[PDB]
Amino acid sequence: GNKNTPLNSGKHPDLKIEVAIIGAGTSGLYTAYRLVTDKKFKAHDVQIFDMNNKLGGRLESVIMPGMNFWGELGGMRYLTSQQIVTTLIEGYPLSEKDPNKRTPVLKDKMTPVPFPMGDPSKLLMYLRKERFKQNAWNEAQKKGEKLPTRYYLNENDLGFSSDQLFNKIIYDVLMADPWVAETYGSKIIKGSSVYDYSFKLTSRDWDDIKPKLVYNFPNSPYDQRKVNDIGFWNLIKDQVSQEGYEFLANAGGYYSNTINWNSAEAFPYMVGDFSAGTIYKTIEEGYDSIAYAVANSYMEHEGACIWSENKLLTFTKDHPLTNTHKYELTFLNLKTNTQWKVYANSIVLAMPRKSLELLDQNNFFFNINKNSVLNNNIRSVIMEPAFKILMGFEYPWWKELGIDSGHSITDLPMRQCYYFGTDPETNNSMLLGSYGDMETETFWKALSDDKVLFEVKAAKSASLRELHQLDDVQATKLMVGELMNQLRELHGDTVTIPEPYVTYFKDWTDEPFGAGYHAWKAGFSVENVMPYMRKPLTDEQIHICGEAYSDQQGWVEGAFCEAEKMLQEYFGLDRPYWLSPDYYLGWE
C-alpha cells in the first residue's frame, strides 16, 4: 500500500549531492517534493535524511489489532482554509465542490472526511468536581440565566462560557487601541446579546495588527506596552482575574493554548483567520497519509532517496572537497554505529527547536561566541509538551451516555479524552487521552517512567500473536491504572468502564522532538524572526523550516508554509500552479 515508501537504513560514504534535507517531517518531504517536481535539481542531488525508522515526524497514524481504522499518535485534522495541506489532500481548485471534478496534485488516494465534533448535549466538562454538559452555558443563557460554576469570576464576566469570555477579552483589548478600533472596527463586532463577540479579521489584517497593537488599560501594570510584549497568562489574569485564568486554562482542550506565550500571536490563534464554510477534516487512511503522499511523489523520481535511521551529528566548511561542495555532513548510521560523510552545497534543517539544540553546538553555524543572534532566535519559542495514549476496549462504553464521537474536557490531570471510534464488525472501540499542560506532564511522567508495562489481553479479532507485536509501546500499568481511575471519576458511577485489551503510548517530549508544538515567546519580533530562521547567516546556504518557527504553530500548514517561503526566497521557485495566488503567505 501507500505507506510502504522505501526507507534506506544503509549508508553511502562520501555521497555528493546539492541539497541535504535533514528531517522527513512535513516540511522536509515538501521541500524535496517541490525541488525535484520543478526540476530545480535532479532527484539524485536532493536527498532526505532522518534518524527515525519512519517518515512523517509528528504525523504518525497506527492500526491496532482488533480495530480496523486509523488511530492518531500525532496530528489528526486540517482546516480547509489551510490551502497547501487542503489542496495537496483534495486537489484543485478549492472553488470546485465536486471532489470528482477536482484535479489531484499527488497520486496517492486520500479520502477526506469531516472531523467529528460530537454532541455538546452528551460531552462532559468536569471542573472542580462539577460535571456539566458542554452546552450548559448555552442552555442557561437561553433561559436568560447566568450559569454558576466553582470559579469566582469578576461580576461583569459571570455566566460567560470559555469561548465567549476569550472573544470578550480579545474584543476589549483590540478596541482600546484607537488605531485598531478605527482601522478595523468594521471587522471587530459586538452583537446585541451581552455574550456575542465575532471577528472577520483576515490573516493579512492580523499581520498588520500584531506588531503595532498597544495595551490601553490605564491602571494596568502592562498599560502602553505592545500586546506583543505581554505573556498570555499575564494578559488573561489582568483582564478576568487569576480565577478567570483558571477557568479559561482548565476549560480549554489541546487546541486552546493558555500558556504564558506571545499574546499578539495568541489572539488570531484563538478566534481564527476568518472562516465561513471552513470545517475540520481528516483522512480516512490516517492523517500521516499526507506525509506519505508527498514522500511517494518525491520518490517516483528515480535517484530520490529517504535515508532512515541516519542521524546528523555535525557539519563543517573545513573538509577535503571544498572545490565541489561548501559543506561536509557527518551522519551516525544507527543500525551499525558507524559514521559517514555527505557533501552538499545547501543544508535544509526541516526540524524543531529541540532537534537544532541536539546538533553539534561547537561548529561554525551554532557557535554561541560568534552567532549569539542565531542562538537567541532558536530560543524565541516555547517547547510545549504533548503526550497521547490510545486505548482499545471490547465495546464503546461511552455510548451508554449517548456519546458517539468528540471529546470530554476536565481539570483532572488526564485533561481530555477523544471517543475516537468503533469497528462496526468487532465492536472494539478506541479512546485517546491527550494531556501535558498545567504541569500535567509532571503528574504523568512518574507513571510513564515506571518499568512495569501494561500486558495485552486477547479480544475480538485480536490474537495475543498480533498484540505482542505492540508489547514495547504499551503504556505502563500505573498510567493505565490511574487513567482508568480518572475516566471513572470523569464519567461518573452510572457507567461501568471495562479494562482495555491494548494501549499505545506516545511521548512527543522524547528526543529529537522535545515538544508536541511550539509557541512564540512575548517580546520577540516574530515578523523579523521567521525570515531570519529561513536563512540565518547571509553567507551560508543553510535554512531552517518546519512548524516550530512558523506563524501557524501546532499545524502541518505552518510547516508547509515556512518551507514554501524558503523555496520562493532562496530556491528560485514560483508559487505552485495548484496554489491560489490569493492565499496569503508572508512578507518575503
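Residue numbers here begin at 1 and follow the sequence given.
- Taking the mean C-alpha B-factor of each stretch as recorded, 77-85 and 466-474 are not equal, and the higher mean is that of 466-474.
- Look at the mean CA B-factor for 132-140 and for 311-319 in the entry; the higher one is 132-140.
- Out of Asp423, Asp449, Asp360, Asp229, it is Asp423 whose C-alpha atom has the highest B-factor in the PDB entry.
- By the numbers in the PDB entry, the CA B factor is greatest at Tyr195 among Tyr419, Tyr195, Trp444, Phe247.
- Per the PDB record, residue ranking by Cα B-factor puts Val529 in the middle third of the chain.
- Sort the modelled residues of the chain by CA B factor and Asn156 lands in the highest third.
- Sort the chain's modelled residues by C-alpha temperature factor and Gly286 lands in the lowest third, per the entry.
- Per the deposited record, the Cα B-factor of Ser220 falls in the middle third when ranked against the other modelled residues of its chain.
- For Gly66, the recorded CA B-factor ranks within the middle third of the chain. Only modelled residues enter the ranking.
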